[PDB]
Amino acid sequence: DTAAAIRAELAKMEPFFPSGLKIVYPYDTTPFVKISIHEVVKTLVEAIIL
Amino acid sequence: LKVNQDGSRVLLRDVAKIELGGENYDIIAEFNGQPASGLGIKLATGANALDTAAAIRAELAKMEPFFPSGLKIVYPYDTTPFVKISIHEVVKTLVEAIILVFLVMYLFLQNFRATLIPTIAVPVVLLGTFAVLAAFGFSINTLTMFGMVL
Amino acid sequence: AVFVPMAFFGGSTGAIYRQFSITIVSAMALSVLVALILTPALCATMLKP
Amino acid sequence: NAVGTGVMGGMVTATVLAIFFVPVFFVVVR
Amino acid sequence: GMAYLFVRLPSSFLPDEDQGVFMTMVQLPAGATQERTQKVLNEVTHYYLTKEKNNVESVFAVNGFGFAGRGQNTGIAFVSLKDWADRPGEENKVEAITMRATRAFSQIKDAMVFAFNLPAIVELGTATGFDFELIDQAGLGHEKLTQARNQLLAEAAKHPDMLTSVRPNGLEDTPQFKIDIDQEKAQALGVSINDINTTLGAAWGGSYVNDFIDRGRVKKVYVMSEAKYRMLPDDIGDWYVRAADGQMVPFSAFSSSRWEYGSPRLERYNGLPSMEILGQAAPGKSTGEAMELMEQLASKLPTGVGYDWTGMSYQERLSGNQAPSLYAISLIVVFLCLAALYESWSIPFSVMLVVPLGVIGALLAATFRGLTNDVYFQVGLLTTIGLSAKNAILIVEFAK
Amino acid sequence: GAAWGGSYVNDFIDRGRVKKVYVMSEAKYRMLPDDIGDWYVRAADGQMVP
Amino acid sequence: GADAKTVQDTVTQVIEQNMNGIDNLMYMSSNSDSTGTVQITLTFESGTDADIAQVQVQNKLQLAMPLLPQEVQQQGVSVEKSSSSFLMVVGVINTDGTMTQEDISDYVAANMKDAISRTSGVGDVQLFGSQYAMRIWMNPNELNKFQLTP
Amino acid sequence: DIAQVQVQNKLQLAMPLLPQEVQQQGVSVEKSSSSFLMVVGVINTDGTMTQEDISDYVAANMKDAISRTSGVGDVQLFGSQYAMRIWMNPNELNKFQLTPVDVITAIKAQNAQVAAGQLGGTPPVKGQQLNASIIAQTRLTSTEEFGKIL
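Chains as they are written, first to last, in the UniProt record's numbering: chain P, 301 to 350; chain B, 251 to 400; chain C, 451 to 499; chain U, 1001 to 1030; chain G, 551 to 950; chain H, 751 to 800; chain V, 51 to 200; chain Y, 101 to 250.
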């Protein structure tokens, strides 16, 4: 939610940026949580068909 | 401010009018054209019941005795009588809805002895209701009292 | 089921639906329990045929 | 007023109606 | 017809129930004086006391204290109506009284023509339209910030089809006497830039110096100079400041003046300068309808200019977002419990079908009298749904 | 201190945003010990002193 | 005696830029009157610890307090659990002309308000008028004669 | 939270003891975690920007916002918001016979908001019709205004 709402403030900041300013994302704990889940809910589904 | 050459002295008094005035003369009010002052009170987020006003007329309670001649508290604007008259005119609504039921009750089963059962059942439950209430924080409100009758 | 499921204080208004949706369900369960004992108890122990 | 009104209005048309339809959309719902 | 009568019947939050109390706000123009405003507050107290002495108990007027603005320019008037009883017919009720007055103070040199009731529930009257905020997301200023506010207020004022009453908030922009010290022309004159300021400030703004005990109570000591010597520009010169050399020097000797422009109420929203825009939905349209437009009209605005919603338009509301989801559940769990003691999947239909019957009366009654679709009606609707199912249930039950 | 460490003086508005004013002296005049001498300080009498 | 701009740049900003890391916060709506007053307001999600919030802000302000001019500090800052909408309004009047707007207020400010503002009178108390203060009204002419500045 | 506050107040019983330079900088107390939660970087798609620039575009437009949102704790800004740098030349200074002290003293009095009152305010001479605020010195805004200091 913190990061959820970090890309909240930045959300609307992007429109008034001058030429040459491009946000870039090195380092990020997000995809983990995204891929940590996915690759579990799958584990749960499969354990069902199984 | 300075001791002058010719032996004399210049005091503040000599360069300025000196009197007790307000810290700011921006706001000035009248209660019916008569000059007056007052207390513009508020609340603290999620403050307490009228208890606030209950306890505003607590401090003022004992202040009145040492007031000089001419000082009379007056009460323009007040959320109190509402709560007082908002209740009253509900508890009445609740009582009446009882006598009302006692009647419809009678008009169907002629029997001051039966008609008395639902007469003993409704109050009971209401009582028990403020109970379960408090248990969840909710207070007797000018808004909680409706759902009571409804 | 029609009362309770509103107790969802959802929004600046739940500020009231809360103040509401419960006051009734309570009053109700009370009445249901009440109406379960005492009432049957009274109407059973109380007056003429 | 708000409270009561809708309460009454609805209650009347709910008694003189449900007393005829209920016996119906019950039989029917068989 | 139930759905019809239902979509027809309009909605609100809570009823403005007369609270034997209410208040009228007074607002004069730019650079108006405490005297001038007071003429207004007087014309206001006269009304309630003369042409309405029958309903009004007492007026409490305050000159120099609005809901904003503050200072000699705004006024408030806490009114206290007579006992509820001694005020029969709707004619003598708050809505009427405030109405008459609004139309009354209408014929006066300054927009204060108001008075109103206590928004149903203190601080919680966040249902009177919308709140718009214009932000200065770029290096722009008060110049362009407002300069894009007039330009927005136009686009919306032009088509009163989906937007009504779009204005700003007391920003005004009155003149200002700009004094400009000619540093050198003074540094050269033998006068410290410090003695200059404290002299200009102590004299025209006031200076909180020391404290002192006045009857066993600490209070402040202020230095400010008599009124007569600071009411007019020219007066700036009357002031002399000591020089290193030893002799006084007038202000006019080391400074020029000139009227400029500023804003007696610069504001901001989340760090960035801003400007608040208020307004009403539109005759027969909900906030949302009125808003989608407001977001568009802004897009036109210069670059940097941006927006956001505050209190009274930060959320989306009941009938139109809330109830249509929870109402689902209420009668969604109904088809449950109605199986927990029936078991048929089809039989709980009967009881369900009743629901509409009562809703028709409630909607009917609702429409006949002035009444609107609000919390209480809502509240009532549910209980109405209950009683219905009640009767139905038993009938169906005993049947079974 | 003002010369080799920096001195946070006043504030100023730079595009409608308050920011700081710093006094520190160019780099070239504070990279080496000997440079300590280059600095002169006023005297009561009126003339500088290394 | 400071203009909206000097009090927006000098105070409003040094206090807005210092509002960071604050648990819950929907937005802050600042102002800056020509009156020489500012009034940042912070709003928190419903149910947010009224008290802990009322304090977080009264401390992240300190990381800025020593930055406000000496005149604003010497005045004093005020942080609190608002409500913005009075809860009652006692007025005090002169039953005898022995009092006045200037007087009545002060009799209040120094004897009624102090008490009522630390009772159940939660939030804040707006005093319609002002406690007395020693006013020194300088005369430039006189001052200039004796060769003195404020 | 209560902890995050206790410490931010027992500090005050000391704050007035730190030098004026540390206070003028500002102290920072907070609910750390010591271990970043994400790191957005901002780059120059065009050479029109630079480390010195990009940072500042951020510091003055992106961080203030992101540090009072859900961006709980603190936000480390990789770089620094601009600031007016005055790079003194000792030789020059010595020639004109000036020390960094005159330079500071100079700035402090030529770049600063000064509160002057208004026209016809608070307690006015009855009959006044105009009421306007007075504006005096107002903080500098351009590298250029600073260059003209005397």
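Virtual Cβ for every residue (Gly too), placed ideally from N, Cα, C.
Check	Outcome
Against chain Y: residues of the stretch 764-797 of chain H by CB proximity under 7 Å	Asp764, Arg767, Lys769, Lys770, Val771, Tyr772, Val773, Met774, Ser775, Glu776, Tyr779, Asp788, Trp789, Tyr790, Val791, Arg792
Chain-order list of residues whose beta-carbon lies under 8 Å from that of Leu937 of chain G (same chain, five-residue window excluded)	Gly908
Beta-carbon separation (whole angstroms), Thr463 of chain C vs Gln846 of chain G, contact threshold 8 Å	That belief does not hold up - the Cβ atoms of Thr463 of chain C and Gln846 of chain G are roughly 28 Å apart, past 8 Å.
Burial state of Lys498 of chain C (16 or more Cβ within 10 Å)	exposed
Neighbour flag for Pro814 of chain G against chain H, beta carbons, 8 Å	no
Three-way DSSP call (helix, strand, coil) for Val172 of chain Y in this model	coil
Chain B within 8 Å of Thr463 of chain C, Cβ atoms only	no
Segment limits, beta strand (DSSP E) that includes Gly288 of chain B	284-291
Contact list for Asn391 of chain B against chain C, beta-carbon separation under 7 Å	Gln469
Rounded distance between the beta-carbons of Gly679 of chain G and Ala848 of chain G, thought under 8 Å	About 17 Å; that fails the 8 Å criterion.
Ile943 of chain G versus G:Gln928, G:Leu914, G:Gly911, G:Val905, residue with shortest Cα-Cα distance	G:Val905
Pair within 8 Å by beta-carbon distance, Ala916 of chain G and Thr1005 of chain U	yes
Nearest-angstrom beta carbon gap, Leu488 of chain C and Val382 of chain B [assumed within contact, 8 Å]	Their Cβ separation, rounded to whole angstroms, is 16 Å, which puts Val382 of chain B and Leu488 of chain C out of contact at 8 Å.
Distance between beta carbons of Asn231 of chain Y and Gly221 of chain Y, contact taken as under 8 Å	6 Å
Chain Y contact for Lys334 of chain P (CB, 8 Å cutoff)	no
Coil, strand or helix - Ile647 of chain G by DSSP	helix
Selection from C:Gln469, C:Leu483, C:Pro455 that minimises the alpha carbon distance to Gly378 of chain B	C:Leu483
DSSP beta-bridge partners of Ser233 of chain Y	G:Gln726, Y:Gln218
Candidates V:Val57, V:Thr199, V:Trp187, V:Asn189: closest to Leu118 of chain V by CA position	V:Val57
contact_flag[the stretch 798-810 of chain G, the stretch 729-742 of chain G] where n(CB pairs < 8 Å) is 3 or more	yes
Whether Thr648 of chain G touches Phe666 of chain G by CB criterion (8 Å)	yes
Sheet register partners of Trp187 of chain V (DSSP bridge)	B:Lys267
Identity of the residues DSSP links to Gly625 of chain G by a beta bridge	G:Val576, G:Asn613
Paired residues, beta bridge with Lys770 of chain H - DSSP	H:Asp761
Closer than 8 Å to chain Y by CB, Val799 of chain H	no
Counted within 10 angstroms of its Cβ, other Cβ atoms place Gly141 of chain Y as buried (16 or more) or exposed	exposed
Start-to-end residues for the alpha helix (DSSP H) that takes in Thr473 of chain C	464-484
Close-in-space but distant-in-sequence residues of the same chain around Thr150 of chain Y (CB under 8 Å, 5 per side omitted)	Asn144
Listed by chain order, chain B residues near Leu480 of chain C by CB distance under 7 Å	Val375, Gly378, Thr379, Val382
Under the three-state DSSP convention, the category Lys835 of chain G falls into	coil
Beta-carbon neighbours of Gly614 of chain G, restricted to chain B and to distances below 8 Å	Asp276, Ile277, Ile278
Contacts of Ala311 of chain B in chain V (Cβ-Cβ under 7 Å)	Those within 7 Å of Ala311 of chain B in chain V number zero; the least Cβ separation is about 10 Å.
Cα-Cα separation, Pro200 of chain V to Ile234 of chain Y	18 Å
Interface flag, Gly755 of chain G vs chain Y, CB-CB below 8 Å	yes
Of the residues P:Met313, P:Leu310, P:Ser319, P:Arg307, the one placed nearest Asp146 of chain Y, counting alpha carbons only	P:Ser319
Through-space distance from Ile249 of chain Y to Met138 of chain V, alpha-carbon basis	55 Å
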